[PDB]
Amino acid sequence: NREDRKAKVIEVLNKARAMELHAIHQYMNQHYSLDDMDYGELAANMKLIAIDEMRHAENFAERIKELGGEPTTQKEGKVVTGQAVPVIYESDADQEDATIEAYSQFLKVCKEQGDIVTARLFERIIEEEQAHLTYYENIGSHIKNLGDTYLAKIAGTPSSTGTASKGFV
Amino acid sequence: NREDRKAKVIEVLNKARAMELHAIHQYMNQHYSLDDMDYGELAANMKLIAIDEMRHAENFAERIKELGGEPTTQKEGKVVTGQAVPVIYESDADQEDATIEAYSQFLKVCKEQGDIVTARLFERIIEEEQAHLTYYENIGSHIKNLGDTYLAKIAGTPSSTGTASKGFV
Amino acid sequence: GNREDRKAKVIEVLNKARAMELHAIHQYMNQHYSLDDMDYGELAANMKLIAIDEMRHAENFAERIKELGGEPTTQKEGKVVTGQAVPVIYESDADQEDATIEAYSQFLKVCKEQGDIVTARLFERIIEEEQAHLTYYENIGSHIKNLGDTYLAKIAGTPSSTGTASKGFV
Amino acid sequence: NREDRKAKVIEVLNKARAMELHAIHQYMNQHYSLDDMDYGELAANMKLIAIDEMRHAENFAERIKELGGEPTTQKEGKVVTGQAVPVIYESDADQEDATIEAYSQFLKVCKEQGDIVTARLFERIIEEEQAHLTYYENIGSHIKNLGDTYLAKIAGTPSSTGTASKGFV
Amino acid sequence: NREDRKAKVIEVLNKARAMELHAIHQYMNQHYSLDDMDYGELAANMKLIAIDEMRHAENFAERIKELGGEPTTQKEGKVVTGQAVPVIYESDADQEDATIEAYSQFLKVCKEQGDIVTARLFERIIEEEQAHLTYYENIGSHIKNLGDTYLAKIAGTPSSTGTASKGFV
Amino acid sequence: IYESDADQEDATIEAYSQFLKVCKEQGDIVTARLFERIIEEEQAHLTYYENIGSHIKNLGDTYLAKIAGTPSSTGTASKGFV
Ligand code: FEC
Ligand code: FEC
Ligand code: FEC
Ligand SMILES: [Fe+2]
Ligand SMILES: [Fe+2]
Ligand SMILES: [Fe+2]
Ligand SMILES: [Fe+2]
Ligand SMILES: [Fe+2]
Ligand SMILES: [Fe+2]
Ligand SMILES: [Fe+2]
Ligand SMILES: [Fe+2]
Ligand SMILES: [Fe+2]
Ligand SMILES: [Fe+2]
Ligand SMILES: [Fe+2]
């Protein structure tokens with residue numbers, strides 16, 4: 001029925017959302033490390049990708065409300081900390097790839113439940129995850145093939161991501 | 001194959017267009033009432049949504065022509081007049097929901113018939129119907145929950161939808 | 001007659017005219033889709049622009065019907081003719097605009113009889129716009145009749161745009 | 001099996017790409033004739049559409065690389081030269097119609113191989129092929145129905161396609 | 001013999017053109033690989049040179065038409081794929097050099113056939129090939145002498161070649 | 001071809017109609033009658049060339065497609081000496 005159709009879509013939406021919450025904390029944790037290491041452009045792009053995941057989490061939450069459900073506040077999995085630079089980019093590529101696989105499954109569920117608006121949302125976000133995927137693979141390729149010679153170039157670059165957060169104060 | 005496929009898509013396209021024609025007359029009728037009641041903001045937005053349905057009617061017609069068919073000129077269903085404000089918003093949300101449901105099945109037909117262009121057309125319009133649905137649900141909620149304090153706020157507002165219609169004269 | 005009766009007779013001619021507009025909107029838009037399909041851009045565009053004039057007429061009639069206390073009709077008068085070839089489109093639209101002006105002038109007399117100055121003036125203004133439509137259609141028809149394909153060859157591939165898109169909700 | 005889903009998608013991408021290469025050479029061949037016949041506006045649009053097909057070939061190659069494959073440099077079919085003006089537009093409409101049908105099928109494969117990103121690529125390009133189709137059908141209609149009077153209007157028109165190609169030198 | 005003169009010039013113009021068509025695909029293949037490796041500046045200049053080769057093909061074609069011939073659509077030789085970065089620049093320098101040698105002979109034939117306009121077209125394009133040769137020798141030289149130090153500088157650079165291709169849609 | 005051929009037949013008939021006049025003036029009834037008969041034949045050529053021009057004009061290549069590849073024989077070969 002209509003109610004079961006919505007509940008099944010809400011379920012994959014909250015699963016995706018929980019994955020987004022995990023990515024936000026995982027990438028920001030890496031952001032703090034790269035920043036601490038003073039690899040500015042890497043620090044900045046890692047934070048800009050975290051913000052894309054924040055935006056995904058919010059979009060998933062808004063559709064869940066539209067369907068009458070509650071947006072989860074729990075993250076899926078655990079954040080891995082203290083990763084060395086090569087492990088950061090190899091693991092983040094792995095995560096992006098597994099995310100696209102899972103969201104492609106969630107998309108299918110939306111289509112089966114005849115939910116056109118939610119399947120389109122997954123499709124749009126999956127394209128953005130593909131851009132994250134390509135970025136992490138590329139950095140990993142340079143670390144693998146060029147090592148510290150590549151990092152020497154990143155050392156001390158600007159880490160800014162733009163004007164500060166439009167906020168309340 | 002091809003001929004059969006085309007005919008099946010033209011049939012759902014005309015069914016949808018017939019629903020668009022119904023919606024144009026139903027929403028404009030309610031628009032005349034709201035204007036007469038002098039709830040400008042509600043009057044204005046109802047007409048703007050009616051113009052979205054006109055553009056949907058026109059996009060369906062154009063696709064129908066591209067497929068070799070003739071666009072229908074009869075609306076589906078009867079127009080309901082004399083609806084009071086609470087009924088206007090409850091019914092329109094009901095209509096938008098039913099529209100998304102039907103278009104979702106029409107979309108499926110396009111996919112089964114291998115017509116990607118028409119499927120994409122439905123997809124886009126369904127997203128615009130979701131916006132209509134949300135708008136009507138929202139007005140309905142404030143009329144249910146707040147009445148007069150909310151209606152007094154709408155009383156006497158501008159009902160202009162912008163600059164006058166580019167026409168022939 | 002009395003106040004109510006006076007409004008009622010005027011509401012009745014307003015709904016007859018409005019129903020004629022609804023018909024014009026669908027008939028002209030039907031021809032618009034065909035012209036567009038044939039890729040006669042300038043013709044397709046002016047046909048739609050005239051259909052939009054009729055939408056405005058329908059809306060104006062409606063707003064006056066509500067001001068008089070009545071209910072604007074949603075049924076179109078007559079049926080739409082589909083599949084007309086180009087020469088038939090312009091000959092029939094010219095006939096229809098003529099018939100419209102004929103009927104609206106009778107409707108105006110009724111408004112004057114019922115002592116409704118505002119509604120009478122509405123019909124007057126709209127009759128003037130219908131005259132513009134008639135002259136347009138007669139001129140196209142005349143060139144089609146006299147110049148044939150050589151006239152149409154010049155319209156082929158012209159822009160069909162009616163300007164910026166429909167200020168709508170989404 | 002991850003690798004087999006990529007192989008199968010890469011295979012249809014290279015088929016579509018080969019079709020793009022054919023179109024590029026076919027449409028530019030016709031552009032050289034149209035210019036030679038001094039029908040500028042027709043020559044110009046023919047070249048602009050060939051550049052669209054160049055972009056498609058590029059987009060397909062980029063996706064083939066993201067999937068780990070090698071973008072083909074072989075075109076499908078044979079270029080037909082020496083076509084008169086009516087025959088250019090009747091064959092090009094036929095070509096575009098055949099491309100949309102083929103691409104719709106390739107899109108099906110992408111969906112079957114669980115590849116949402118490539119499927120969306122195909123759907124985007126199919127929409128552009130539909131624009132090419134309509135264009136060629138309209139020109140061909142004018143030639144069939146109006147011939148010389150129509151061509152008289154095109155004779156001696158401008159043929160520029162805009163600012164010259166940003167190149168290396 | 002007028003016609004004989006034209007025929008011999010058209011022959012070398014189609015030989016040159018087939019050489020251009022080969023270069024477009026060879027260079028673009030390498031562009032796709034350099035883009036994949038994320039060496040943006042190299043990928044960008046490779047494509048810009050490919051576009052210069054597209055313009056050469058177009059100019060040969062137009063001269064072929066002025067002479068009453070038909071421009072070839074088949075490339076000369078085979079595209080080599082999978083080249084390592086040093087091999088890309090070593091072979092592109094060899095090809096550019098081979099091209100200037102051939103075009104220089106083709107230019108001689110035009111003069112022998114008393115065709116001043118075609119000879120001047122060759123002289124102009126040869127100067128551009130010299131610009132290409134110099135570019136490939138320079139990059140080849142940095143790779144030989146600087147190794148991964150040079151690559152480290154190119155990793156992550158912009159790959160943009162400007163605004164998108166003015167096209168039909 | 002057909003446009004100039006129609007103009008040329010029309011001209012001929014004009015010219016021949018004056019040559020006929022000269023024949024009547026010189027009292028040459030036989031030569032007047034020769035011009036009369038031949039002018040009648042030129043009129044058949046004129047009509048033929050006008051018709052082809054009109055079809056080419058109004059139907060173009062659609063018309064020529066029908067003619068493409070038709071027989072061109074004008075019947076049995078020239079009776080000659082060899
Ligand atoms: C008023 C009124 C009616 C009567 C309804 C009733 O039940 O009273 C009315 C009725 C119709 C009906 C049917 C159709 C569908 C015709 C068909 O597809 O056969 C129909 C179709 C269209 N109208 Fe329409 N309408 N309408 C306006 C007012 C009215 N309209 C205003 C105002 C604008 C504003 C124009 C603008 O600035 O974009 C406007 C524009 C459009 C466009 C153009 C959209 C575009 O190009 O983006 C199309 C198509
Ligand atoms: C991509 C791609 C391919 C496919 C090759 C592959 O192996 O992937 C590709 C292939 C070809 C081929 C053949 C030709 C030769 C056609 C012929 O003469 O038969 C060929 C020919 C042209 N390309 Fe081309 N292309 N292409 C671009 C990308 C690609 N191009 C981009 C980008 C632009 C940029 C548009 C701009 O901003 O000017 C662009 C423009 C042109 C111009 C325009 C020159 C001018 O007007 O100055 C000509 C001529
Ligand atoms: C009379 C006369 C002249 C003017 C000479 C003069 O100086 O008075 C005369 C002149 C010409 C001249 C030039 C040509 C060459 C045209 C050209 O090739 O440009 C020219 C060409 C031909 N006519 Fe000709 N002639 N002529 C006849 C009478 C005369 N003809 C009669 C009668 C027949 C009888 C047909 C038959 O039974 O074969 C006939 C046949 C031919 C055929 C047909 C051959 C075939 O189809 O087998 C061709 C071609
Ligand atoms: Fe995400
Ligand atoms: Fe991501
Ligand atoms: Fe709609
Ligand atoms: Fe709607
Ligand atoms: Fe009207
Ligand atoms: Fe009118
Ligand atoms: Fe394409
Ligand atoms: Fe195309
Ligand atoms: Fe070159
Ligand atoms: Fe070169
Ligand atoms: Fe004759």
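Side chains included, hydrogens not; waters and symmetry mates left out as well; all remaining heavy atoms used. Counting starts at 1 for both ligands and their atoms, in listed order. Proteins come first, then strands; the chains are lettered A, B, ... in the order of their sequence lines, and each starts at number 1.
Side-chain contact between D:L67 and D:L13 is present, with at least one heavy-atom pair separated by less than 4.5 Å. Looking at B:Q83 and B:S33, their side chains never come closer than 4.5 Å, going by heavy atoms from C-beta outward. Contact check for C:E71 versus B:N29: side-chain heavy atoms found under the 4.5 Å cut-off.
Listed for the C:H133 side chain is no donor-acceptor partner under 3.5 Å among the backbone atoms of C:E97.
With a 4.0 Å heavy-atom cut-off, ligand 1 is reached by the side chain of B:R17 but not by its N, CA, C or O. By the criterion of a heavy-atom distance under 4.0 Å, the side chain of C:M29, and not its backbone, is placed next to ligand 1.
Residue C:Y33 places at least one N or O, backbone or side chain, under 3.5 Å from an N or O of ligand 1. Considering backbone and side-chain atoms alike, B:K47 places every N or O at 3.5 Å or more from each N or O of ligand 1. Between C:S166 and ligand 1, an N or O atom pair is found at a separation short of 3.5 Å.
Ring geometry, B:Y89 versus B:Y136: the interplanar angle falls from 30° to 60°, so the pair is classed tilted. Between D:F122 and D:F106, the ring-plane angle classifies as tilted under the 30° and 60° cut-offs.
In this structure, B:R55 falls outside the shell of residues with a heavy atom less than 4.0 angstrom from ligand 1.
Within the listing of ligand 1, atoms 1 (C) sit less than 4.0 angstrom from a heavy atom of C:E59.
Ion pairing between a basic and an acidic side chain is recognised when a charged N comes within 4.0 Å of a carboxylate O; D:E128 and D:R124 show no such pairing.
Within a radius of less than 2.8 Å around the Fe ion (ligand 10), the protein N, O or S atoms are D:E20 OE1, D:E20 OE2, D:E53 OE1, D:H56 ND1, D:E129 OE2.
Screening the protein for N, O or S atoms under 2.8 Å from atom 24 (Fe) of ligand 1 yields 2; no waters enter the count.
Distance check on atom 36 (C) of ligand 1: some protein heavy atom falls below the 4.0 Å cut-off.
Here the options are D:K108, D:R120, D:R63, the test is salt bridge (charged side-chain N to carboxylate O under 4.0 Å, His left out), and the partner is D:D115; only D:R63 passes.
The two residues B:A43 and B:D35 make their nearest non-hydrogen contact at CB-OD1, 3.6 Å. The shortest non-hydrogen separation linking A:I116 to B:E123 is CG2-CG, 4.3 Å. For the residue pair D:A50 and D:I24, the shortest heavy atom distance occurs at O-CG1, 3.9 Å.
Ranking protein heavy atoms by distance to atom 13 (C) of ligand 1, first place goes to C:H26 NE2, 3.8 Å.
The CE atom of C:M20 sits 13.0 Å away from atom CG of C:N15, with the distance rounded to the nearest 0.5 Å.
Taking a 6.0 Å sphere around NZ of B:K65, one finds it holds more than 12 heavy atoms contributed by other residues, nucleotides or ligands.
Between C:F61 and C:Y104, the distance from one ring center to the other falls under 6.0 angstrom.
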